[PDB]
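Quick heads-up: it's one chain on its own, the form deposited in one PDB entry, in C-alpha cells.
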C-alpha cells in the first residue's frame, strides 16, 4: 500500500512510537498559552463564522506539521484539482466526481468528456425552481382540483438520508410548505403507516432513484401508485401526483411517470453526495427554492475554501488529518459526531453513511490490499441526551473515541429569554473540558472527604469516581444553523472524507459492497415462496429459512 510506503507516514509513525507518552492535554494546555490560537481555525463565510477548534487534540506543532507534510506527499492538492476539473477519479466505475458542480453557483465551465456539465445542472435547477413555486403557491392542483399539502419522497440510501437530514435540520424554514415524508425501507410498515395518513387528492409522490431499478424504491413506488390509482382510477392523473429524480429516462417512462415530470441528474453524482442535485427536490419543496439555493451556496463557499486555501489552514484537510492521526497511529476504530442541536438529530446518521460508505475500503488505486486501517465507524446522537447515555463509556471505558462536538451559537427558538440555549452551550463546553482534564484519584478523594464519607466508604467508592481524562475532541461552533451554514458544514465533511480517502489511496466514490447488496437477495427471494424446506445453502441460511416458514403458520 502507498500509505505505508510513504516517508512522511513512517516519520509520523516513528514519532508516535517515540512520544505518545508525552501527549497529555492538561500539560499541553498549561505549557502553551497560545494553544487555542495555534490549534484553531476561523472561517468567515460572510453568512456566519465557523470555529474549528481542534486544540483539545493529542497533537503538537510538530505533528500537525508532519500531518500536513503527509498531505502534500500523498498528493492531496492535485487529487483535489482532479475532482474539481471533472476527471474520472472514480476509476472503478470510470466516472467523474462532481457533487461540487451541482452547487457551482459561479458557473465556471466544468468539463466531463469535454462537455460543460453546467448548462444541464442549471437547466434542472430552473426546472426545480419552477415546479417548487407552482406546488408551493397552489397553482399545481391534484386530480380533484385541490392543492398539495403532502410531499412524499420514496427512495432509499443516498436517495433518502440527505433530503431527510436537511429538511429535518431546516424545519424552521418550512413555513408555507407542504409536509414531507420519507419512505425508504422495503418494510411494509414504512409505506403503510405513511399512506394511512394521506389523502391521494393532495399528496405528491417523488420517486428518488438514480438507476430507477432499486428493489425497495420501485416496490414502494408501485405500492404508492396502486394505492393512488385505487382512488383516482385514472392513469392520466399520475402525471399530477408522481415525479421522478433519476438519471434513467427510459426506466422512468416505463414505470408510468411522464418525462416532463423527470428532474434529472448524472452518473457523476454519487448517491451519498446527491442532496445538492434534483434528489434534493423534497428540500426545495419544503423550505422553498431560495433556501435550496442558499444551501448550495454554503456548500459552494466551502468548496472554494477547500480548493484555494493552503493545507496548513484548510478546514476539511485538518479534520481529515486529525482523523488519520487517530486512525493510523492511535488505532481508534470509531469517530463520533455529536451535534448539540435537536434539528440535527439525523446529522450523525447522514455522515455514518457518507463517511463509512465512502471510505470503508481495503483496495488501493493499484489494486493492492491496504495493510493499514481505513474509514472509521461513525456514530452519534444529539447533545445533551448522549451525556446521559453513551458518554459514560467515552468517559470511563477502555476505548479511545475522537469526538466532534457541534453547535449553533444562535438557536432557532430562543425561548425563555435564552435559558435553554445557555444551558445547552454550557453543557457543550464542559464535556470537552471534562473529557480533557478528567478527575484524578486525589481530586476524587478530596471531594469524597468533603462530602463527609467515612474512611471505608471513601476507600471502596473512590477509584470508581476517578476519571483519567485525556480524551480528545473537536469543537465546531458556527453562528447559526441556516440553510447556508448547513450547506457549508455538510460540504466540509464531504471534503474531510475526500482528503482521508486520497491519503489512504482508496476510491472514496464507489461502493461495491452496496452494489453487491443490490443483487444478493435474488436467490433467497423465490425460495421463501412455498412450503418446501430449503436445503441449497449453508446450514444457517437453510435453518433460518425453515424457521421462518415454520413460523409463517403460527397464530
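The term rigid core refers to the most C-alpha atoms you can superpose between the two forms while keeping them within 1.5 Å. Residue numbers count along the first chain shown, from 1. Residues that one form lacks are left out of the comparison.
Missing here is the form deposited in another entry; even so, the following discussion is about that form.
- Among the residues 454, 250, 396, 73, the single one whose Cα moves by at least 2 Å between the shown form and the other one, once the core is superposed, is 250.
- With the core superposed, residue 516 shows a C-alpha displacement of at least 2 Å between the shown form and the other one.
- Under a 2 Å criterion for C-alpha shift, the consecutive stretches of 3+ residues that differ between the shown form and the other one after core superposition lie at 247-251, 253-256, 514-520.
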